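Contents: one structure, followed by commentary.
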4 protein chains.
Amino acid sequence: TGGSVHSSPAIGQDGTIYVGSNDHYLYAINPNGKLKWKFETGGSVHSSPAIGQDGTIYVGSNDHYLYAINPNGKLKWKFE
Amino acid sequence: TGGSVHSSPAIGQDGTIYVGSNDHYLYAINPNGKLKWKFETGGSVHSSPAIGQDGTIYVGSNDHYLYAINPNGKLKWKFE
Amino acid sequence: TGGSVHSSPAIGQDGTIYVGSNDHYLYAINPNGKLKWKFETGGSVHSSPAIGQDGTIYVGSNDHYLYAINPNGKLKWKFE
Amino acid sequence: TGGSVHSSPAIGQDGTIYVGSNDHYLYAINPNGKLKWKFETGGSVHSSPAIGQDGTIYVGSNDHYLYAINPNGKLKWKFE
Ligand SMILES: [Co+2]
Ligand SMILES: [Co+2]
Ligand SMILES: [Co+2]
Ligand SMILES: [Co+2]
Ligand SMILES: [Co+2]
Ligand SMILES: [Co+2]
Ligand SMILES: [Co+2]
Ligand SMILES: [Co+2]
């Protein structure tokens with residue numbers, strides 16, 4: 001990534017690995033190691049993502065927000 | 001929130017997302033992104049919440065306490 | 001506790017809540033909020049405990065060791 | 001280990017305990033406390049490992065990479 005991977009990975013039902021980076025992004029990586037998508041927050045993503053029953057990926061950011069990201073990498077909502 | 005979301009979210013059986021913030025609060029957010037409740041501790045909530053079998057939400061705080069919060073946002077007990 | 005609860009709680013099958021503290025201890029707290037036991041390591045217990053299939057509680061410490069603690073609070077082994 | 005165990009342990013189906021250390025290594029320790037293997041990254045392994053459906057161990061490192069390690073301790077891939 002662009003910075004330290006302090007965040008702890010979460011694994012989706014299909015094997016997708018989600019993890020934050022201090023480069024501000026939440027990453028979605030396929031089991032083969034190839035990027036699926038990345039989503040930019042406003043600050044380091046130390047928080048470790050959680051996966052909802054419908055696949056939604058939730059993760060905090062040092063920009064003060066809790067993010068909810070759709071499985072396709074598009075923002076669902078954010079909470080300050 | 002009011003500060004960095006270092007804490008890692010926990011997801012309840014009904015989809016409620018619980019996460020701490022460096023603004024001192026534990027947040028309970030509905031799947032639609034609207035606040036359910038927030039509970040103020042005495043310091044940054046870096047710790048990541050855990051959910052008990054009866055729904056109780058446990059989380060540490062930089063104020064030295066482990067908190068046990070009822071699903072409705074009211075304090076159950078705290079331990080120094 | 002004696003210091004910041006950075007560690008994230010783990011919940012045993014019987015409801016016991018395990019969490020580390022920057023005061024160097026791993027805590028085992030009953031669901032009613034009363035202490036079951038505490039185990040002293042050599043440094044801040046930032047690491048968040050994990051629970052094995054046989055109930056063993058594993059947690060790292062800033063003293064360089066990974067600890068394995070029996071459900072009764074007695075040391076099983078530690079690894080530097 | 002060689003440094004602070006900030007990372008939080010993960011437990012495999014066979015009881016193996018996986019945890020990172022600030023000494024740069026991801027550790028795989030048997031339930032009896034004896035080392036199974038260790039894998040060196042380029043920086044502190046604060047991230048806490050996750051275990052895939054096929055046993056793969058994923059963990060971030062302060063060297064910017066997300067690592068995927070085979071159950072035998074050999075690198076599967078890494079992502080910057
Ligand atoms: Co760097
Ligand atoms: Co930055
Ligand atoms: Co800020
Ligand atoms: Co403060
Ligand atoms: Co203090
Ligand atoms: Co100390
Ligand atoms: Co040291
Ligand atoms: Co180093």
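Lettering and numbering for the structure tokens are positional, with chains as A, B, ... in the shown order, residues counted from 1 in each chain, and ligands counted from 1 in the shown order.
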* **All residues 7 Å or closer to stretch 21-28 of chain D, only C-alpha atoms, same chain fewer than 6 positions away omitted, as a list in words** =>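 Those residues are residues 1, 2, 3, 4, 5, 6, 7, 35, 36, 37, 38, 39, 40, 41, 42, 43, 44, 45 and 46 of chain D.
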* What residues in chain B lie within 10 Å of chain C, counting only C-alpha atoms, written as a VMD selection string? -> chain B and resid 7 to 8 43 to 54 56 to 68 76 to 80
* Separation of atom CA of residue D:74 and atom CA of residue C:55, in Å? -> 29.0 Å
* To do: Within chain D, find each residue whose DSSP state, derived from the backbone, is strand (DSSP E), and express the selection as a PyMOL selection string.
  => chain D and resi 10-11+17-20+25-29+35-40+50-51+57-60+66-69+75-79
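The space separating atom CA of residue D:73 from atom CA of residue D:30 comes to 12.9 Å.
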